[PDB]
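Next up, data33.cif (mmCIF, C-alpha atoms):
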```cif
data_structure
#
loop_
_atom_site.label_atom_id
_atom_site.label_comp_id
_atom_site.auth_asym_id
_atom_site.auth_seq_id
_atom_site.Cartn_x
_atom_site.Cartn_y
_atom_site.Cartn_z
CA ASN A 31 0.00 0.00 0.00
CA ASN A 32 1.02 3.62 -0.70
CA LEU A 33 -1.94 5.34 0.94
CA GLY A 34 -0.10 7.73 3.30
CA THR A 35 -1.82 6.11 6.27
CA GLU A 36 0.85 3.54 7.25
CA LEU A 37 2.56 3.47 10.67
CA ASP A 38 5.98 5.09 10.85
CA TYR A 39 8.48 2.95 12.74
CA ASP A 40 11.01 5.77 13.28
CA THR A 41 8.39 7.71 15.31
CA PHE A 42 8.42 6.96 19.04
CA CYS A 43 5.61 8.13 21.34
CA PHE A 44 6.19 8.20 25.10
CA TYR A 45 3.56 6.14 26.87
CA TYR A 46 2.64 5.85 30.58
CA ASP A 47 0.81 2.86 32.09
CA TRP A 48 0.51 4.05 35.68
CA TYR A 49 -3.21 5.02 35.65
CA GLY A 50 -5.61 2.99 37.70
CA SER A 51 -9.22 2.61 38.69
CA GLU A 52 -10.59 1.57 42.10
CA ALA A 53 -12.28 -1.37 40.36
CA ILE A 54 -9.32 -2.82 38.45
CA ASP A 55 -6.34 -1.57 40.50
CA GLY A 56 -7.64 -0.81 44.02
CA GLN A 57 -7.21 2.98 43.67
CA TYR A 58 -7.61 5.70 41.04
CA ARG A 59 -3.83 5.55 40.76
CA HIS A 60 -2.16 8.68 39.33
CA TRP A 61 -5.55 10.40 38.80
CA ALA A 62 -4.99 10.98 42.51
CA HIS A 63 -1.60 12.61 43.10
CA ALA A 64 0.42 14.57 45.61
CA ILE A 65 0.82 18.29 45.08
CA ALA A 66 4.54 19.12 45.09
CA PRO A 67 5.83 21.75 47.56
CA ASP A 68 7.49 24.83 46.07
CA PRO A 69 11.29 24.24 46.11
CA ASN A 70 11.74 27.97 46.81
CA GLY A 71 8.83 28.21 49.25
CA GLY A 72 9.20 27.97 53.01
CA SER A 73 9.84 25.00 55.22
CA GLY A 74 6.56 23.76 56.66
CA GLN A 75 4.47 23.75 53.50
CA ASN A 76 1.33 21.62 53.56
CA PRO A 77 0.64 21.41 49.80
CA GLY A 78 -2.02 18.68 50.05
CA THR A 79 -3.10 16.22 47.41
CA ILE A 80 -5.42 15.90 44.45
CA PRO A 81 -8.01 13.23 45.38
CA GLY A 82 -8.57 11.66 41.94
CA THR A 83 -12.34 12.05 42.07
CA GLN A 84 -14.40 12.53 38.95
CA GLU A 85 -14.35 16.28 39.64
CA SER A 86 -10.71 16.60 40.65
CA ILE A 87 -7.90 14.72 38.84
CA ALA A 88 -4.15 15.38 38.66
CA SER A 89 -4.14 17.07 35.22
CA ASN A 90 -4.94 20.53 33.86
CA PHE A 91 -6.74 18.63 31.07
CA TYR A 92 -9.46 15.95 31.18
CA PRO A 93 -9.22 12.59 29.33
CA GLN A 94 -11.89 11.69 26.80
CA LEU A 95 -11.60 8.16 28.27
CA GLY A 96 -12.11 9.44 31.85
CA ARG A 97 -10.25 8.07 34.89
CA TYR A 98 -9.10 4.99 33.00
CA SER A 99 -7.14 1.93 34.12
CA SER A 100 -3.91 1.19 32.26
CA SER A 101 -4.72 -2.47 33.10
CA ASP A 102 -8.10 -2.40 31.24
CA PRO A 103 -7.85 -4.41 27.98
CA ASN A 104 -10.60 -2.34 26.39
CA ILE A 105 -8.73 0.92 27.22
CA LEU A 106 -5.60 -0.64 25.72
CA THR A 107 -7.45 -1.51 22.47
CA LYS A 108 -8.68 2.09 22.09
CA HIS A 109 -5.16 3.41 22.77
CA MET A 110 -3.73 1.21 20.01
CA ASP A 111 -6.42 2.49 17.63
CA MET A 112 -5.31 6.03 18.59
CA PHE A 113 -1.70 5.11 17.76
CA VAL A 114 -2.92 3.88 14.36
CA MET A 115 -4.73 7.20 13.80
CA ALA A 116 -1.56 9.12 14.72
CA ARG A 117 0.65 6.87 12.51
CA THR A 118 3.02 6.45 15.46
CA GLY A 119 4.59 3.02 14.96
CA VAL A 120 6.50 2.73 18.26
CA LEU A 121 5.10 2.96 21.77
CA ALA A 122 7.95 3.91 24.13
CA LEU A 123 6.83 2.47 27.46
CA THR A 124 7.84 4.11 30.72
CA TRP A 125 9.65 1.52 32.83
CA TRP A 126 10.18 2.22 36.55
CA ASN A 127 11.48 -1.22 37.67
CA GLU A 128 8.40 -1.73 39.84
CA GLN A 129 9.16 -5.43 40.47
CA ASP A 130 5.52 -6.39 40.94
CA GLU A 131 3.01 -8.67 39.27
CA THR A 132 0.54 -5.92 38.31
CA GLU A 133 3.16 -4.21 36.13
CA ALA A 134 4.32 -7.50 34.59
CA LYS A 135 0.68 -8.06 33.61
CA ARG A 136 0.34 -4.58 32.08
CA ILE A 137 3.50 -5.00 29.99
CA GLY A 138 2.10 -8.28 28.57
CA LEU A 139 -1.30 -6.70 27.80
CA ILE A 140 0.38 -3.76 26.08
CA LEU A 141 2.63 -5.95 23.91
CA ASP A 142 -0.39 -8.11 22.91
CA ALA A 143 -2.68 -5.12 22.17
CA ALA A 144 0.11 -3.35 20.21
CA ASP A 145 0.77 -6.38 18.05
CA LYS A 146 -2.92 -6.61 17.01
CA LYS A 147 -2.41 -3.25 15.31
CA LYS A 148 1.23 -3.79 14.11
CA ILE A 149 2.48 -1.30 16.71
CA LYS A 150 5.96 -1.90 18.21
CA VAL A 151 7.02 -1.43 21.85
CA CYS A 152 10.38 -0.28 23.23
CA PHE A 153 11.28 0.57 26.85
CA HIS A 154 12.01 3.96 28.36
CA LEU A 155 14.30 3.10 31.30
CA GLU A 156 13.68 5.50 34.18
CA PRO A 157 16.03 6.50 37.04
CA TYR A 158 14.82 3.87 39.56
CA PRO A 159 16.43 3.78 43.04
CA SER A 160 20.09 2.66 43.06
CA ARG A 161 20.09 2.41 39.24
CA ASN A 162 23.62 1.72 38.09
CA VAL A 163 25.20 0.04 35.06
CA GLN A 164 25.19 -3.42 36.69
CA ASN A 165 21.51 -3.60 37.57
CA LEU A 166 20.79 -1.81 34.30
CA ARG A 167 22.50 -4.68 32.46
CA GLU A 168 20.55 -7.16 34.58
CA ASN A 169 17.28 -5.44 33.69
CA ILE A 170 18.18 -5.17 29.99
CA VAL A 171 18.92 -8.91 30.03
CA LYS A 172 15.58 -9.65 31.73
CA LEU A 173 13.61 -7.49 29.25
CA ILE A 174 15.27 -8.93 26.16
CA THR A 175 14.95 -12.48 27.56
CA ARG A 176 11.31 -12.08 28.56
CA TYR A 177 10.00 -10.00 25.67
CA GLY A 178 12.58 -10.32 22.87
CA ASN A 179 10.57 -12.99 21.03
CA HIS A 180 7.29 -11.05 21.28
CA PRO A 181 6.17 -9.99 17.75
CA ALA A 182 5.65 -6.40 19.03
CA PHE A 183 9.20 -6.11 20.51
CA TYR A 184 10.86 -3.19 18.64
CA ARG A 185 14.02 -3.72 16.60
CA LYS A 186 15.95 -1.33 14.35
CA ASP A 187 18.10 -3.25 11.84
CA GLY A 188 17.98 -6.23 14.22
CA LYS A 189 18.71 -4.31 17.45
CA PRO A 190 16.41 -3.45 20.36
CA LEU A 191 16.35 0.20 21.41
CA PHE A 192 16.20 1.77 24.87
CA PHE A 193 15.67 5.38 25.87
CA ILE A 194 17.59 6.13 29.05
CA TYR A 195 16.12 8.96 31.10
CA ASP A 196 18.53 11.00 33.23
CA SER A 197 21.52 9.09 31.78
CA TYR A 198 23.72 12.08 32.69
CA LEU A 199 23.37 11.10 36.40
CA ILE A 200 25.64 8.08 35.77
CA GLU A 201 29.36 8.78 35.16
CA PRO A 202 30.81 8.07 31.71
CA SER A 203 33.41 5.79 33.37
CA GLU A 204 30.48 3.61 34.55
CA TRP A 205 28.67 3.72 31.17
CA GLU A 206 31.93 2.67 29.44
CA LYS A 207 31.81 -0.70 31.23
CA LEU A 208 28.37 -1.38 29.75
CA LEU A 209 28.53 0.44 26.42
CA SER A 210 32.11 0.31 25.10
CA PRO A 211 32.91 -2.79 22.98
CA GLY A 212 35.79 -3.32 25.49
CA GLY A 213 33.69 -2.61 28.60
CA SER A 214 34.03 -5.05 31.52
CA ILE A 215 30.28 -5.81 31.43
CA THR A 216 29.70 -4.83 27.80
CA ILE A 217 26.47 -5.56 25.94
CA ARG A 218 28.22 -4.88 22.61
CA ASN A 219 28.52 -8.02 20.45
CA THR A 220 26.34 -10.00 22.90
CA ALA A 221 22.75 -11.32 22.72
CA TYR A 222 21.82 -8.20 24.74
CA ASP A 223 23.24 -5.50 22.48
CA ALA A 224 20.86 -2.57 21.84
CA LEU A 225 20.74 0.98 20.56
CA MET A 226 21.15 3.06 23.73
CA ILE A 227 19.63 6.52 23.45
CA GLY A 228 20.67 8.86 26.32
CA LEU A 229 18.98 12.06 27.48
CA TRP A 230 20.84 15.08 26.13
CA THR A 231 20.14 17.90 28.63
CA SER A 232 22.64 20.80 28.78
CA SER A 233 25.32 22.52 26.64
CA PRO A 234 27.41 20.78 23.94
CA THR A 235 30.56 21.58 25.99
CA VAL A 236 29.31 19.05 28.54
CA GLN A 237 27.06 16.78 26.47
CA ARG A 238 29.32 16.03 23.48
CA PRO A 239 32.18 14.43 25.48
CA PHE A 240 29.63 12.68 27.72
CA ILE A 241 27.88 11.03 24.80
CA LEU A 242 31.22 9.98 23.24
CA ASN A 243 32.93 8.80 26.45
CA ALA A 244 29.81 6.98 27.67
CA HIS A 245 29.47 5.25 24.27
CA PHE A 246 25.76 6.02 23.79
CA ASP A 247 24.42 5.18 20.34
CA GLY A 248 22.37 8.35 20.25
CA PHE A 249 20.41 10.90 22.22
CA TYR A 250 16.95 12.37 22.76
CA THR A 251 15.76 15.50 24.56
CA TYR A 252 12.38 14.52 26.15
CA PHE A 253 11.05 17.86 27.45
CA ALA A 254 7.92 19.11 25.68
CA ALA A 255 8.44 22.71 26.91
CA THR A 256 10.71 24.64 24.54
CA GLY A 257 13.67 26.25 26.26
CA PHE A 258 13.52 24.11 29.43
CA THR A 259 17.03 22.81 28.60
CA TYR A 260 19.56 23.40 25.81
CA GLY A 261 18.45 20.05 24.33
CA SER A 262 14.76 21.10 24.35
CA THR A 263 15.44 24.42 22.59
CA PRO A 264 14.53 23.57 18.95
CA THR A 265 16.81 26.24 17.43
CA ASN A 266 19.71 24.03 18.61
CA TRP A 267 18.52 21.01 16.65
CA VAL A 268 20.28 21.70 13.32
CA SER A 269 23.65 21.95 15.15
CA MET A 270 22.85 18.90 17.31
CA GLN A 271 22.04 16.82 14.21
CA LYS A 272 25.25 18.04 12.50
CA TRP A 273 27.33 16.79 15.44
CA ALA A 274 25.33 13.53 15.61
CA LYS A 275 26.00 12.75 11.94
CA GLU A 276 29.71 13.68 12.28
CA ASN A 277 30.00 11.27 15.20
CA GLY A 278 27.90 8.33 14.01
CA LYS A 279 25.21 9.01 16.64
CA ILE A 280 21.42 8.86 16.30
CA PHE A 281 19.55 12.08 17.22
CA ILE A 282 15.87 11.61 18.16
CA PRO A 283 14.55 15.07 19.14
CA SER A 284 11.40 15.05 21.29
CA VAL A 285 8.44 17.17 20.17
CA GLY A 286 5.31 18.00 22.20
CA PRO A 287 1.98 19.84 21.76
CA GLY A 288 2.41 22.02 24.85
CA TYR A 289 3.18 21.89 28.56
CA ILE A 290 1.38 22.65 31.84
CA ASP A 291 1.71 20.85 35.19
CA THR A 292 0.35 23.47 37.58
CA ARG A 293 -2.33 21.21 39.09
CA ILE A 294 0.48 19.12 40.65
CA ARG A 295 3.13 21.89 40.71
CA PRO A 296 1.23 25.20 41.24
CA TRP A 297 4.47 27.18 41.56
CA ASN A 298 5.79 25.96 38.17
CA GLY A 299 3.95 28.42 35.87
CA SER A 300 7.12 29.57 34.06
CA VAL A 301 7.29 26.26 32.18
CA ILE A 302 3.74 26.63 30.77
CA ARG A 303 3.64 26.50 26.97
CA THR A 304 0.24 27.25 25.43
CA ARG A 305 -1.11 24.92 22.69
CA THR A 306 -2.70 27.78 20.65
CA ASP A 307 -4.96 25.50 18.58
CA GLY A 308 -1.99 23.30 17.57
CA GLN A 309 0.45 26.00 16.36
CA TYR A 310 2.92 25.16 19.16
CA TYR A 311 2.91 21.47 18.15
CA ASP A 312 3.31 22.42 14.47
CA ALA A 313 6.24 24.73 15.20
CA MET A 314 8.12 22.13 17.22
CA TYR A 315 7.47 19.23 14.81
CA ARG A 316 8.51 21.50 11.89
CA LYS A 317 11.85 22.23 13.64
CA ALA A 318 12.50 18.49 14.14
CA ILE A 319 11.79 17.66 10.50
CA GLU A 320 13.85 20.65 9.30
CA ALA A 321 16.88 19.53 11.33
CA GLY A 322 17.06 16.51 9.00
CA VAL A 323 16.85 13.78 11.67
CA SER A 324 16.10 10.08 10.93
CA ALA A 325 13.77 9.53 13.92
CA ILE A 326 11.49 11.67 16.12
CA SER A 327 10.08 11.12 19.62
CA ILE A 328 6.79 12.55 20.90
CA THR A 329 6.31 13.79 24.44
CA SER A 330 3.78 12.44 25.12
CA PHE A 331 0.90 10.10 24.43
CA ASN A 332 -0.50 10.38 27.95
CA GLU A 333 1.60 12.20 30.54
CA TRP A 334 -1.55 13.93 31.78
CA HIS A 335 0.26 15.45 34.78
CA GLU A 336 2.53 17.39 32.45
CA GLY A 337 -0.16 18.52 30.01
CA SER A 338 1.98 17.22 27.12
CA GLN A 339 -0.48 14.50 26.04
CA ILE A 340 -1.72 14.01 22.45
CA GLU A 341 -4.35 11.55 23.77
CA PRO A 342 -7.88 12.96 23.19
CA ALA A 343 -9.12 15.35 25.90
CA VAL A 344 -12.60 16.84 26.33
CA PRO A 345 -14.05 20.04 27.76
CA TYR A 346 -14.91 19.60 31.44
CA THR A 347 -15.97 21.98 34.17
CA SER A 348 -16.56 20.55 37.61
CA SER A 349 -17.36 22.24 40.91
CA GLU A 350 -13.68 21.74 41.78
CA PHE A 351 -11.86 22.88 38.65
CA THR A 352 -12.33 24.25 35.15
CA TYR A 353 -10.09 22.15 32.90
CA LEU A 354 -8.20 23.20 29.83
CA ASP A 355 -9.23 21.50 26.62
CA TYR A 356 -8.36 21.49 22.91
CA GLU A 357 -9.96 24.91 22.31
CA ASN A 358 -11.17 25.28 18.71
CA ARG A 359 -10.00 21.74 17.87
CA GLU A 360 -11.78 18.37 18.21
CA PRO A 361 -10.65 15.87 20.91
CA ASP A 362 -8.73 13.78 18.35
CA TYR A 363 -6.97 16.80 16.78
CA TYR A 364 -3.52 16.00 18.19
CA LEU A 365 -3.75 12.43 16.87
CA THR A 366 -4.70 13.50 13.35
CA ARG A 367 -2.18 16.40 13.47
CA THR A 368 0.48 13.84 14.44
CA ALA A 369 -0.47 11.80 11.35
CA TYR A 370 -0.08 14.96 9.25
CA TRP A 371 3.46 15.56 10.60
CA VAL A 372 4.41 11.89 10.23
CA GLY A 373 3.47 12.35 6.55
CA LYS A 374 5.72 15.43 6.18
CA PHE A 375 8.54 13.61 8.03
CA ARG A 376 8.25 10.61 5.71
CA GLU A 377 8.15 12.87 2.69
CA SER A 378 11.58 14.39 3.40
CA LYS A 379 13.11 11.39 5.24
#
```
Rewrite the structure from the file as structure tokens, please.
Amino acid sequence: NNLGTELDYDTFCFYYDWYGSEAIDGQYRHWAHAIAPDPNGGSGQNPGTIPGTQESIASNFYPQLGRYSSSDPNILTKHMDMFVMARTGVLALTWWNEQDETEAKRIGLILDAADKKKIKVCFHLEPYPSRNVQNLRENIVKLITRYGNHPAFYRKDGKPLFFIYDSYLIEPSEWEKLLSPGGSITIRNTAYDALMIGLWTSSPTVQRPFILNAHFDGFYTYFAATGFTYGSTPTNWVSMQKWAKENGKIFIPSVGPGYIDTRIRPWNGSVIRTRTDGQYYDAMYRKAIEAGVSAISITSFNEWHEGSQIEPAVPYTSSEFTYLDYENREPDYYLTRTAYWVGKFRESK
């Protein structure tokens, strides 16, 4: 087929499976959430919590699917249909090393649901407690062993791919042991080799030698809010891609439709980026495509706390809060707009 509707498998969309319902999970997990104290406020703050009721959830937006469970097979089916609409071929699953049966179950359901729609799954490895290169190797081994034969397990030219959040918190001398072909616990040339994509945060002075000395295969930027870091300032992307190509590295800039997390972080208004009927999303996606990259990541499918989601949202006013919504656009606008940009990306690829 040459219909311009096919999934793109160099487009990665960051996906969260931490939502719960009382019925399926015992609690409206994540819909209920702590409110963070202001880092520059006093000692003795009592910020409180968001209860996760129908009226009051931990997002400035409101999901079309309501307070859904990430464990609900029928929610998962609808999410995969949304991925198909968006033409996003890879679901990049947040992985917090929860070490519990409920998460193991969710990962299996997600893989199965993805495969029904030809979607692929890769893992976004988060900074879990005591994360280090040894237990990272152990976890990489477990993931590849457990899921590597699943038809939905993502591979690029035969290799799995991992996004590593906050990679910069581990010294390059530690990464070398895992990621250099001569590293003492190397995954290179083993059954567990993978494309390792680290989080580029700050200036090239710092990030260039880090990426080289740590032996990352590439880098991504994550943050949906333009200007939050050097990496998430789209005017830097041309230069970042130039360096990536010069150094045999894979650059996967992250694009988002907007940002707002003030329900859970009321003091954090400076990071707000307004959606303006999709123009923000367009501008950011345009910059990624213009930089001439080979892959793009999307922040996010459903990080509802951060207001970066492309998942459909609906107008909602409760007694507790008046939510933001997609303004002059329909609930599925960010999905269909994603499909539009995937088309432009593929056109110049």
> In terms of the shortest atom-to-atom distance over all atoms listed in the file, which of A:235, A:41, A:271, A:35 is closest to residue 120 (chain A)?
Replying inline: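 Of all the options, A:41 lies closest to residue 120 (chain A).
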>> Which residues are close to residue 46 (chain A), i.e. within 7 Å by all atoms listed in the file, leaving aside same-chain residues fewer than 4 positions away? Reply as an NGL selection string.
In response: :A and (123-124 or 332-333)
>> Around the point (-7.5, 13.4, 39.4) (coordinates from the file), which residues reach within 8 Å if we count only C-alpha atoms? Answer as number ranges by chain.
In response: A: 58, 60-63, 80-89, 97
>> Could you tell me, as a list in words, exactly which residues end up selected when the PyMOL selection byres ((chain A and resi 140-152) around 7) is applied to this structure?
In response: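 Applying the PyMOL selection byres ((chain A and resi 140-152) around 7) to the structure shown produces residues 106, 107, 110, 119, 120, 121, 122, 123, 136, 137, 138, 139, 153, 154, 181, 182, 183, 184, 191 and 192 of chain A.
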>> Can you pull out the residues contacting residue 347 (chain A)? Cut-off 12 Å, using only C-alpha atoms, and skip same-chain residues under 2 positions away; I want them as an NGL selection string.
In response: :A and (84-87 or 90-92 or 344-345 or 349-355)
Can you write out the residues you just picked, keeping C-alpha atoms, as an mmCIF file, in the coordinates of the input?
```cif
data_model
loop_
_atom_site.group_PDB
_atom_site.id
_atom_site.type_symbol
_atom_site.label_atom_id
_atom_site.label_comp_id
_atom_site.auth_asym_id
_atom_site.auth_seq_id
_atom_site.Cartn_x
_atom_site.Cartn_y
_atom_site.Cartn_z
ATOM 1 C CA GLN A 84 -14.400 12.530 38.950
ATOM 2 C CA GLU A 85 -14.350 16.280 39.640
ATOM 3 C CA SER A 86 -10.710 16.600 40.650
ATOM 4 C CA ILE A 87 -7.900 14.720 38.840
ATOM 5 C CA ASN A 90 -4.940 20.530 33.860
ATOM 6 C CA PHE A 91 -6.740 18.630 31.070
ATOM 7 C CA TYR A 92 -9.460 15.950 31.180
ATOM 8 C CA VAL A 344 -12.600 16.840 26.330
ATOM 9 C CA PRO A 345 -14.050 20.040 27.760
ATOM 10 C CA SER A 349 -17.360 22.240 40.910
ATOM 11 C CA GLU A 350 -13.680 21.740 41.780
ATOM 12 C CA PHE A 351 -11.860 22.880 38.650
ATOM 13 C CA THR A 352 -12.330 24.250 35.150
ATOM 14 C CA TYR A 353 -10.090 22.150 32.900
ATOM 15 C CA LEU A 354 -8.200 23.200 29.830
ATOM 16 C CA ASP A 355 -9.230 21.500 26.620
#
```
>> the PyMOL selection byres ((chain A and resi 280-296) around 8) - which residues does that actually catch in the file I just gave you? List them as JSON, numbers by chain.
In response: {"A": [63, 64, 65, 66, 67, 68, 80, 88, 89, 90, 227, 247, 248, 249, 250, 251, 252, 253, 254, 255, 262, 267, 270, 271, 274, 275, 278, 279, 297, 298, 299, 301, 302, 303, 304, 305, 308, 310, 311, 312, 314, 315, 318, 323, 324, 325, 326, 327, 328, 329, 330, 335, 336, 337, 338, 339, 340, 364]}
>> Between A:31, A:37, A:230, A:359, which residue has the minimum interatomic distance to residue 111 (chain A), considering all atoms listed in the file?
In response: A:37
>> With distances taken over all atoms listed in the file, which residue among A:264, A:176, A:197, A:38 lies nearest residue 321 (chain A)?
In response: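 Among the listed residues, A:264 lies closest to residue 321 (chain A).
Counting from CA of residue 360 (chain A), the distance to CA of residue 307 (chain A) is 9.9 Å.
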> Using the chain letters and numbers from the file, which residues does the PyMOL selection byres ((chain A and resi 54) around 8) grab, as a PyMOL selection string?
Replying inline: chain A and resi 50-53+55-56+99+101-102
> Could you pull the residues within 9 Å of residue 378 (chain A), counting all atoms listed in the file, minus those fewer than 6 positions along the same chain, as a ChimeraX atom specification?
Replying inline: /A:319-320,322
>> Please list as a PyMOL selection string every residue within 9 Å of residue 341 (chain A), counting all atoms listed in the file and excluding residues in the same chain fewer than 5 positions away.
In response: chain A and resi 93-94+109+112+330-332+334+361-362+364-365
> Using all atoms listed in the file, which residue out of A:276, A:223, A:36, A:201 lies closest to residue 171 (chain A)?
Replying inline: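 Using all atoms listed in the file, residue 171 (chain A) sits closest to A:223.
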Please complete region 268-279 of chain A with N, CA, C and O atoms and give it back as a PDB file, keeping the file's coordinate frame.
```pdb
ATOM      1  N   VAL A 268      19.390  21.789  14.488  1.00  0.00           N
ATOM      2  CA  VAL A 268      20.280  21.700  13.320  1.00  0.00           C
ATOM      3  C   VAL A 268      21.740  21.375  13.719  1.00  0.00           C
ATOM      4  O   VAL A 268      22.358  20.455  13.139  1.00  0.00           O
ATOM      5  N   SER A 269      22.272  22.121  14.693  1.00  0.00           N
ATOM      6  CA  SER A 269      23.650  21.950  15.150  1.00  0.00           C
ATOM      7  C   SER A 269      23.825  20.603  15.855  1.00  0.00           C
ATOM      8  O   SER A 269      24.855  19.954  15.708  1.00  0.00           O
ATOM      9  N   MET A 270      22.809  20.195  16.624  1.00  0.00           N
ATOM     10  CA  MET A 270      22.850  18.900  17.310  1.00  0.00           C
ATOM     11  C   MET A 270      22.866  17.730  16.333  1.00  0.00           C
ATOM     12  O   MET A 270      23.615  16.769  16.527  1.00  0.00           O
ATOM     13  N   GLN A 271      22.075  17.837  15.264  1.00  0.00           N
ATOM     14  CA  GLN A 271      22.040  16.820  14.210  1.00  0.00           C
ATOM     15  C   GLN A 271      23.371  16.782  13.464  1.00  0.00           C
ATOM     16  O   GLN A 271      23.847  15.706  13.112  1.00  0.00           O
ATOM     17  N   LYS A 272      23.952  17.956  13.204  1.00  0.00           N
ATOM     18  CA  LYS A 272      25.250  18.040  12.500  1.00  0.00           C
ATOM     19  C   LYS A 272      26.308  17.244  13.266  1.00  0.00           C
ATOM     20  O   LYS A 272      27.012  16.405  12.680  1.00  0.00           O
ATOM     21  N   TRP A 273      26.398  17.502  14.573  1.00  0.00           N
ATOM     22  CA  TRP A 273      27.330  16.790  15.440  1.00  0.00           C
ATOM     23  C   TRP A 273      27.021  15.295  15.489  1.00  0.00           C
ATOM     24  O   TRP A 273      27.937  14.471  15.422  1.00  0.00           O
ATOM     25  N   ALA A 274      25.739  14.940  15.598  1.00  0.00           N
ATOM     26  CA  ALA A 274      25.330  13.530  15.610  1.00  0.00           C
ATOM     27  C   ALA A 274      25.828  12.794  14.357  1.00  0.00           C
ATOM     28  O   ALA A 274      26.390  11.699  14.453  1.00  0.00           O
ATOM     29  N   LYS A 275      25.622  13.402  13.187  1.00  0.00           N
ATOM     30  CA  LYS A 275      26.000  12.750  11.940  1.00  0.00           C
ATOM     31  C   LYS A 275      27.521  12.641  11.822  1.00  0.00           C
ATOM     32  O   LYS A 275      28.023  11.628  11.347  1.00  0.00           O
ATOM     33  N   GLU A 276      28.235  13.674  12.276  1.00  0.00           N
ATOM     34  CA  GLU A 276      29.710  13.680  12.280  1.00  0.00           C
ATOM     35  C   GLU A 276      30.262  12.582  13.181  1.00  0.00           C
ATOM     36  O   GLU A 276      31.361  12.071  12.938  1.00  0.00           O
ATOM     37  N   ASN A 277      29.502  12.213  14.212  1.00  0.00           N
ATOM     38  CA  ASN A 277      30.000  11.270  15.200  1.00  0.00           C
ATOM     39  C   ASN A 277      29.337   9.909  15.221  1.00  0.00           C
ATOM     40  O   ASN A 277      29.523   9.144  16.171  1.00  0.00           O
ATOM     41  N   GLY A 278      28.573   9.613  14.168  1.00  0.00           N
ATOM     42  CA  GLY A 278      27.900   8.330  14.010  1.00  0.00           C
ATOM     43  C   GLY A 278      26.855   8.085  15.093  1.00  0.00           C
ATOM     44  O   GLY A 278      26.623   6.940  15.484  1.00  0.00           O
ATOM     45  N   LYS A 279      26.219   9.154  15.572  1.00  0.00           N
ATOM     46  CA  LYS A 279      25.210   9.010  16.640  1.00  0.00           C
ATOM     47  C   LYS A 279      23.813   9.275  16.078  1.00  0.00           C
ATOM     48  O   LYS A 279      23.653   9.967  15.063  1.00  0.00           O
TER      49      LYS A 279
END
```
